[PDB]
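Visitor: I would like the atomic coordinates for the input below:
(chains A, B, C, D and E)
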Amino acid sequence: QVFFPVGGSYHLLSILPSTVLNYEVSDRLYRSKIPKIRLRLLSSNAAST
Amino acid sequence: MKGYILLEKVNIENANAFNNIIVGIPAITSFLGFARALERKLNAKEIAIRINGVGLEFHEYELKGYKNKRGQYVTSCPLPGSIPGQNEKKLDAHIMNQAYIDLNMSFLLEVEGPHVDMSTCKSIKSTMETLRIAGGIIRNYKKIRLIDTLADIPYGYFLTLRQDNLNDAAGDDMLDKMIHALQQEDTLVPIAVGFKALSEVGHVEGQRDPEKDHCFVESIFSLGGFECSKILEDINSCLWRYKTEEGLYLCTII
Amino acid sequence: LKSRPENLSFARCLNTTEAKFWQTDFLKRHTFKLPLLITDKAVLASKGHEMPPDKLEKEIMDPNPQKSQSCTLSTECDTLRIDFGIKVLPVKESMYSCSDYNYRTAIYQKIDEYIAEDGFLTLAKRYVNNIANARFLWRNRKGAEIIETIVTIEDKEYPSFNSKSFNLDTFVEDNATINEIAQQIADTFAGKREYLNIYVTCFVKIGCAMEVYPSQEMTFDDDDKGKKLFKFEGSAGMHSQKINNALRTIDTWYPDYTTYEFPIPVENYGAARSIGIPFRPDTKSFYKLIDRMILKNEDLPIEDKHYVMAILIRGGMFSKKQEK
Amino acid sequence: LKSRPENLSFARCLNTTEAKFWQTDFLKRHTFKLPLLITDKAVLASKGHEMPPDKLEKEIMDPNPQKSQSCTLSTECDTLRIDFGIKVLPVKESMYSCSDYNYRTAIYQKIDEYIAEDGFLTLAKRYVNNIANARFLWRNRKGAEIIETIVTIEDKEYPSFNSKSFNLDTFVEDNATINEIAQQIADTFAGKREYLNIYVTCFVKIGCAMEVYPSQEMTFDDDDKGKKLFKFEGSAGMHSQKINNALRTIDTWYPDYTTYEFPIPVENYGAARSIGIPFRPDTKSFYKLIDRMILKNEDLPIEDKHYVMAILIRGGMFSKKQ
RNA sequence: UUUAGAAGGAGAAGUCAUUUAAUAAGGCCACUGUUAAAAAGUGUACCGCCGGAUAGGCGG
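Guide: Numbers count the residues shown, from 1 in each chain, chains lettered A, B, ... in the order given. Structure as follows:
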């Protein structure tokens, strides 16, 4: 959660991640040649949970 | 009495570097939030100024991890100490996605308001020691200077917005356009530039501060490029400033 | 005041940087230094790990190719030098987020009462004591001829220490340099000072062409599974997390201290990785003390106050139990 | 206590550095030394390996291009000089991790008892014996005229050794210098001192422009193929973990010792590559012996105590799955 | 008011035995370095006296 300067006042944000976009990006980067990272910092149990 | 203040060679360690689908340069919203926090810290003090427009000049970078023999990057994370909630008493803790980066960069702030002089630089120097940049920790700095000429900017590569290259590519959805535009030009990199809106303004049970307006957001991604300081066109065409619309909190150049 | 706020968080007031390793000679340690680099290596071992008595009969005589990395001093430099720095910020101006307001006022009042009563001097003296004995040498420390530590604040070069003549189980309170450094740290802790900067440099006479021990990275890869050491700007170094864990090893007020007689790092439940059991799994934990201090007003003993403020300096997310 | 803790590991107590190779002349041994570098060399074999008779007829007369490296002495020096060092640390202050206190106290008590009876003297004598007979030369020991080993402690230069007289099968404990050094090593092992720093310099006379044999790099099937040699600070050298294997050849207490009658390096299962058979594949292994010594709390013969202390000196990862 | 706030990856190790790179050869022709200059900057600081103070002060 962050604070954004809307006008002269402030708004509170509740940032959420888009996992379907992440999966699509993973597929497209799999079938591509752009430099990329794997980021295997996860386990099967955690991903299940 | 408008002017420009340059913070020279600021070193940041363990800065956050993991957006949803981006690893590397942190989001521009982090730098703008740092500038806003600096302005708020000064305004809470006796010196009253205002900051509009920030320019970033990269000098060095280093991702936290190592490089494979195949050329890929493998990122490292600190050992998770303890996590609140369930299973908070066991020695070993769960590991989520994270990345970190060290970077040494210079900042250019377009500051406006009364009493813009060397006293303002001294105040910013005194009050900048209790701040963080994108979750990182400031360690050292070269100096703070008052700059009105473009020729005084040291050597470095600025970061601008190149959404035209994104919009000038084939493909129906802009993911294909972004991928194709990245294939044409190796300089272009994807960066996060703001947040969209996924709900309506309201109040919920449990938040950082139950007085402001709550709104669930998403991460907004675009393209960007690196331009040398010696071949920069103009001072004004390198700044990053806020932009507010109907749930379209964003950072741009203008 | 019925319970803890739904969103309360703190930040660490003791921020350390990444250490960097240099090698030099003892007689010229004040003049020159040389870089220390990390070298890859490969080993060929034998399968000696504990195997089931079925697989053992099949692969007892099998070779074991493995990869590793190592750091080693050169053949003409016999002194290891480690430089780093600390930044100190006030505890009161570190509560980044607090949803409630009465709880914030109560926390400020209790912090002010603790400042008026003690003055944050015990914890400051303990931290400087941990600095002086060079506990930050988790492995290299062992087998050292001479250990020398030097502390500088901004320009004043305080006299050097001798970490060999310091027990790692007892704390010293009678030392002029320790007294003034801890007094300045306590001044920055209470709120009299906006910030404090400290620079630490340690020389170790580990021997000629011996082995030094940098920090080890935590990486995951399908093909490689070897040992990877921390490289900092092309030189060997130590993580800031590892150094910070040594500094906050001040907890001597945990239950059953008379059965163990060694300090442990301060944590929410008193857990330490070295021992494998939590020393505060009960009403001596941080949460129970902070409930017996703020929610129901009660003058806790001085040791529990020390532990609570030591937790607060460490920082964390001490919020309420979140619910759906 | 009933079982080993879920996390248990011992750091090593004998830290050997990495050898560096120099070349010199025997008459000017204490005067000068010269660097010994490594030279590339490509080779052309004639396909001498064993092949099936299908492709043997068609692929026998072909050449074979490979690459490799080599290290030989110069044409003016006939002596090879090897310098390295050892650091000795107490055995008790070596348990890196242990997720139990009862096990730690039991191990400390057992080590105190072993110090009470023996005092870590036999193992110290055997280690100095393995230093004296120059078992660490490996293939450089073959076909040598004079081997002279010198051990220096602090500033006391101990009298030189004649390494060829010692036999690689029996251990001598009657030497004055060997016992004098082993006393300090045992004192460091027990805990009377904090650390010991030994320095070893070996002179081997093999002949003019002969060949020396440094350690060979282990290469996986990723980069390339070909022989690569170990270069320490430019000059050739030996791996630190290869010298430690030679000084670890003290185990003469395994079963069926009378059948073979030679020492073997201290291993968990008693594996010996020089003969290819395992000497401790059963209840005489370290895992079986340490359980009866600590958990069951029973007395053991002093040979098994010697073997257990030798394993503890080397160190390892003695963890236990739940 | 910063995808905010938090963090010990650690212990153990034998890479190795062999080797035939080898035969033959035409680097060739042609060419404008040019004009102008201050090594002087004091060129080297000596005989003596009051100083009993290696304090500090006079004469040619």
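Visitor: residues from chain B in reach of chain A?
Guide: B:18, B:20-21, B:23, B:29, B:33, B:36, B:72-75, B:77, B:94-99, B:175, B:179, B:182-183, B:195, B:198, B:201, B:207-209, B:212-219, B:242, B:244, B:249 (C-beta under 8 Å from any C-beta of the partner chain). In short, each C-beta sits where N, CA and C put it, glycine included.
Visitor: So the residue sitting nearest the centre point of chain A: helix, strand or coil?
Guide: For chain A, residue A:17 is the residue whose C-alpha lies nearest the centre (C-alpha atoms, centre = their mean; 4.7 Å). Following DSSP: H, G, I helix; E, B strand; the rest coil, we place residue A:17 in the coil state.
Visitor: what does the stretch 51-200 of chain B put close to chain D?
Guide: Residues of the stretch 51-200 of chain B lying close to chain D by C-beta under 8 Å from any C-beta are residue B:69.
Visitor: Apply 10 Å and report the result again.
Guide: Within the stretch 51-200 of chain B, the positions lying close to chain D (C-beta under 10 Å from any C-beta of the partner chain) are B:69, B:70, B:91.
Visitor: cool, the stretch 101-250 of chain C as well?
Guide: Within the stretch 101-250 of chain C, the positions near chain D by C-beta under 10 Å from any C-beta are C:138-139, C:142-145, C:164, C:206-211, C:223-224.
Visitor: So which of those residues are in strands?
Guide: The members of these that map onto strands under DSSP state E are residue C:211.
Visitor: Most neighbours among the residues of the stretch 101-250 of chain C next to chain D, please name it.
Guide: residue C:206 (27 neighbours; other C-beta atoms under 10 Å in any protein chain shown).
Visitor: For it, give me its contacts.
Guide: Contacts for residue C:206 (C-beta atoms under 10 Å, 6 or more residues apart in numbering or on different chains) come out as C:23, C:73, C:78-80, C:137, C:140-147, C:212-213, D:87, D:195, D:197.
Visitor: Which of the three states applies to the nearest residue to residue C:171 once chain neighbours are set aside?
Guide: Nearest residue to residue C:171, sequence neighbours excluded (C-beta to C-beta, 6 or more residues apart in numbering or on different chains): residue C:129, at 5.1 Å. When classified by three-state DSSP, residue C:129 comes out as helix.
Visitor: Residue C:129 and residue D:164, how far apart?
Guide: Applying C-beta to C-beta, to the nearest Å, the value for residue C:129 to residue D:164 is 56 Å.
Visitor: what does residue C:58 give?
Guide: 42 Å.
Visitor: All the helices of the chain, in order from the start?
Guide: Answering for chain A, as no chain was given. A:19-30, A:44-48 (DSSP state H).
Visitor: Chain B was what I was after
Guide: Secondary structure of chain B by DSSP H: the helices cover B:28-44, B:118-127, B:163-167, B:174-184.
Visitor: which residues touch residue B:30?
Guide: Residue B:30 makes contact with A:2, B:15, B:16, B:132, B:133, B:134, B:135, B:136, B:192, according to C-beta under 10 Å, 6+ apart.
Visitor: What is the most widely separated pair among those?
Guide: With distances taken as C-beta to C-beta, the most widely separated pair in the contacts of residue B:30 is B:132 and B:192, at 18.3 Å.
Visitor: No further queries at this time; thank you.
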